[PDB]
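Next up is one chain by itself, shown in structure tokens, the form deposited in one PDB entry.
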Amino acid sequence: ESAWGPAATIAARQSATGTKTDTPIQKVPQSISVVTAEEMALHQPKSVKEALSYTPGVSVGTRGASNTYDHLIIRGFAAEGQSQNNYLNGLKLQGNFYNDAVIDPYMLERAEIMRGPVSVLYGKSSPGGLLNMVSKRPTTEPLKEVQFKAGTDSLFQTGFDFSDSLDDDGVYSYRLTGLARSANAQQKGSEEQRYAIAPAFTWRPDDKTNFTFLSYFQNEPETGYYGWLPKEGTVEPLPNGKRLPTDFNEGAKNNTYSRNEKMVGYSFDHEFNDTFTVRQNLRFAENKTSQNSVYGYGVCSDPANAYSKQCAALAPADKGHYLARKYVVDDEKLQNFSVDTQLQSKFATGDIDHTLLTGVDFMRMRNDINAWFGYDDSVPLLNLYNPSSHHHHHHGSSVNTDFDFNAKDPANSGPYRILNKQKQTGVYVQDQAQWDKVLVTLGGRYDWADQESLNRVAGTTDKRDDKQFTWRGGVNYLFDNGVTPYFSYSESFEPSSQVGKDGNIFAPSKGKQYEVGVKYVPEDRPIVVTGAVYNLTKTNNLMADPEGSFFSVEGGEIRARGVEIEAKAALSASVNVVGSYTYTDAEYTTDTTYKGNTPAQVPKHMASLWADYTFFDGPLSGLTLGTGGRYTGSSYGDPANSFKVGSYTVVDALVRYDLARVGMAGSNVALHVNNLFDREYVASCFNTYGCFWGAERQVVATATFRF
């Protein structure tokens, strides 16, 4: 019983993000996780970020209390600059600079994460993995849902989800999902707002043809907090021995952040006969973003402010409890088009059944940037001596003062105007030959990644075309009792947008991974358990120039090797459980400035476990009680490994009551509380001047009704 029970467990056994063909998870020679709509509806995650919380190999709350982006550090790696490596419907949501798009989980059918190299099917990519969200689609049966949310910090949400067939044979059906949300962010003076509508339409002329129109529109007046805090006053105590309170805000009173998303496309598939099927995926999007932001830049005594006049103008002991600040003014617009066409050839060679995949992937991205950035001494200073049992106890924090984002002094600030172009075209081939219990996957892909940046201010143009090749091979020995052992080799590549000492675009970095493991996907039991160990290596990483030159040099190499185990299974008819453990060994293997160091923000040990319980007996029938905990190990807060952010464990709880016992079947009411013990933690730090307070205990009531 209960939607998220074995019904989800099993549905989650299938996926395509691993092989670009509908394969059962144990037949995929690579690490992959799946979270369902029922699952997401139970936990009510703020973003896809949380939705993946009980998955191994993923730091998902790195930025802490911020929700602006959906950045994930998978297996200790991320894309250059920390740009999202997020996919939607098999097509990438390409972004640039501060222009990345996000998707509300209320518009998703499910989310999936694939670990390690994946270029063999998607082209240029961060060695570590990629997230792939699936848009909600028109349903077979009717759906009339309205949802109401009320929570802390003045969180108020209201949305709907409607799906129906236009004819009685289902050849014509739609779906319309929309939500309105507004709330105050953890940090004083920050707000969050969002309006999203997803129009979808399906067309099934017959039973071997499907064309579904997928669109999304989202408007966000205010994005929320995305600032930086010094390790001094967060991880470590201030000279006065106190700390900045979790709701502290160091930006202007007039800081502003907005994102605009518009996209249309479709998912198509046609089964010609018994040996041929073809599917194409296309999407076009125009997204915009803007901000007027004052961010922190460490305390005056931080090396980063060695050249700060305002900073030196203070007594040597004050430099340690004064915060330096810089700013930015950004305006961006980008259009992104994508099409992936694939032909599936099903056949065999006597006991050698084949599944030949061959297709072409294409994409182009254009992002126009017009920003302005304040450097040293471009904005005031803040005397962090404001912890006190006042701003902690009483109104945790006092908003700061305004700030002139106009009249940009040529002395302390400057303009930034860039136009980036990106184009990628790849062709791939992959066969899945199963020889009765001996499934073997082997494929390849050739990519054409071409980039071109125009510096409107310098009147300069940097360009580079790359030509790469990646292949993957693996074998799964599917037993018949459940236990499915596997292993595989995999490659990945990622072009560089950086320019070197010579004035050229660095060569692409590459991903090399060896992984072995076993998967338990028994068919007679609603349970699934996995475990794997891997050795993933990225090469030609950009490192400091051997002789300090302001420019970087390639050659750097990093290695990440670890163990991941995931487990999901129904223990009774009312008790479900989910959990995983992650052991990550990330290390600098070749770097001028570092070496033997572990990159920042990546803990060595990671773990999480969750379980729920529903009643089908007494007056407490239909009552669901669930709870879980997420543990984050210690991590370094900078490449230099000069200090360390400590480990933490947050607990979440929910009480759901199946309102069906009042006649309203399919409707229910829930209460969710995050960080129950309202712990206080520093999520992570990317450096000494870039740390983030974790999320402070939240409480949300959710009334969802089905007609």
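Only the largest set of C-alpha atoms that superpose within 1.5 Å between the two forms is called the rigid core. The first residue of the sequence shown is number 1, and the count goes up from there.
Here the stretch with the larger average CA B-factor, out of 210-218 and 485-493, is 485-493.
Two stretches are in play, 468-476 and 383-391, and the higher mean C-alpha B-factor belongs to 383-391. Taking the deposited Cα B-factors for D331, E250, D302, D612, the highest one is held by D612.
The PDB entry gives the largest Cα B-factor of the residues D100, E286, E236, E547 to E547. Residue-level temperature factors show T17 in the lowest third of its chain, judged at the C-alpha atom. When the CA B factors of the chain's modelled residues are split into thirds, the value for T9 lands in the highest one. Annotation for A111: CA B-factor lies in the lowest third of the chain's modelled residues. The deposited CA B-factor of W435 belongs to the highest third of values across its chain. Ranked by Cα temperature factor within the chain, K188 sits in the middle third according to the deposited record.
Same protein, other form: the form deposited in another entry, not shown, and the subject of what follows.
Comparing the two forms between this form and the one not shown on the rigid core, the single residue of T9, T21, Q698, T688 with a CA shift of 2 Å or greater is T9. Between this form and the other one, the CA-CA gap for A11 and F272 widens by 3 Å or more, being larger in the other entry. Relative to this form, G666 and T9 approach one another in the other entry, with their C-alpha atoms ending up at least 3 Å closer.
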